[PDB]
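The structure under discussion appears below in the form of structure tokens.
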Amino acid sequence: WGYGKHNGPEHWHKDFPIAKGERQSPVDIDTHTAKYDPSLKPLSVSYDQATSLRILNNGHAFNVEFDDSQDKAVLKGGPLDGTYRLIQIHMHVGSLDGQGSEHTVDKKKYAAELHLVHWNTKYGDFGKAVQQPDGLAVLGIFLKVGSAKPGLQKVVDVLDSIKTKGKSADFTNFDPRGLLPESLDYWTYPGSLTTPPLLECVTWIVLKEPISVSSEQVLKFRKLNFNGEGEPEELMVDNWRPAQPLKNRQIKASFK
Ligand SMILES: [Hg+2]
Ligand SMILES: [Zn+2]
């Protein structure tokens, strides 16, 4: 699978029929029909002793991997029951400023969407968690052009190292706290992974406030390649799956 004409989102269902399931992601978040839930506990993001490991271009995105062997960088509270361990961070980006995000707000698309993937500790590990309807919790954060984001610059500075599919680099000492906006107000609903296998295991927590990135950072994030080294260059842009039917799901908001 990929994002091109012959292996993109429209072809996914053939190998992963769950693509046409009852709780696929992303979805459009209609801000008016979203149900404020005053009973949600505040979301707790404890990235305090996160332990980043490596960054890799797997041909679909850059992916910062973390040590999830014990409770280091976790997500709790909010709609979450239990504790969720951060395992990875990757980005969906567009070719133009008005596209790139997977989730949309009242049909509006952002220039990019960062996904911070967490798994439920009551399951043992990531592989086990993805066999559970509540095994993952993914934190989605929109990116809009504005001032440079220091936390993203860390990534920006290593992009040439991992330009093509299969290249990886050491990425220890990266503090994922620098990728978060001031406000933790969010929308939440039960969904899926947005890339094959598209498993329906996730509690999505999409932050209302996007983080800003400079025009220079955005351009650099669009310089990665989908292709492997030595093959014809295919810039890694528009690596996003479109909004999926919401079916009978309800999106809740943590704010009024
Ligand atoms: Hg699942
Ligand atoms: Zn993603």
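Residue numbers (the entry's author numbering): 5 to 125, 127 to 261. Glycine included, each C-beta is placed from N, C-alpha and C at the ideal position.
Contact check, residue i vs residue j, beta carbons under 7 angstroms
i: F20; j: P195; result: no
i: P247; j: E214; result: no
i: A54; j: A77; result: yes
i: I216; j: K154; result: yes
i: residue 310; j: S197; result: What is shown of the chain runs 5 to 261, which leaves residue 310 out entirely.
i: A116; j: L164; result: no
i: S220; j: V150; result: yes
i: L240; j: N61; result: no
i: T199; j: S56; result: no
i: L141; j: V207; result: yes
i: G81; j: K45; result: yes
i: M95; j: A65; result: yes
Cβ separation of residue i and residue j, assumed to be a contact under 8 angstroms, to the nearest whole Å
i: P30; j: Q249; result: 7 angstroms
i: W245; j: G104; result: 6 angstroms
i: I93; j: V68; result: 4 angstroms
i: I210; j: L184; result: Between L184 and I210 the Cβ distance is about 14 angstroms, and since that is not below 8 angstroms, they are no contact.
i: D175; j: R58; result: 6 angstroms
i: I22; j: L251; result: Not confirmed; about 16 angstroms, so no contact.
Any non-hydrogen atom of ligand 1 closer than 6 angstroms to residue i Cβ
i: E26; result: no
i: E205; result: yes
7 angstroms CB neighbourhood of residue i in its chain, flanking five on each side removed
i: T35; result: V109, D110
i: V242; result: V97, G98, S99, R227
i: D71; result: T55, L57
i: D101; result: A115, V150
i: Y128; result: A134, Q137, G140
Close beta carbons around residue i, own chain, < 6 angstroms, minus the five adjacent residues each side
i: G63; result: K170, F231
i: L189; result: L47
i: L157; result: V218, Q222
i: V121; result: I91, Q92, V143
i: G233; result: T169, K170, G171
i: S50; result: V78
i: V161; result: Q222, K225
i: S173; result: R58, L60
i: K159; result: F179
Beta-carbon contacts of residue i that lie in its chain and below 8 angstroms, excluding the five residues immediately before and after
i: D85; result: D139
i: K257; result: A38, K39, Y40, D41, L44, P83, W192, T193, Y194
i: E238; result: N230, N232
Cβ-heavy atom distance, residue i to ligand 2, below 6 angstroms
i: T208; result: no
i: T199; result: yes
i: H107; result: no
i: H119; result: yes
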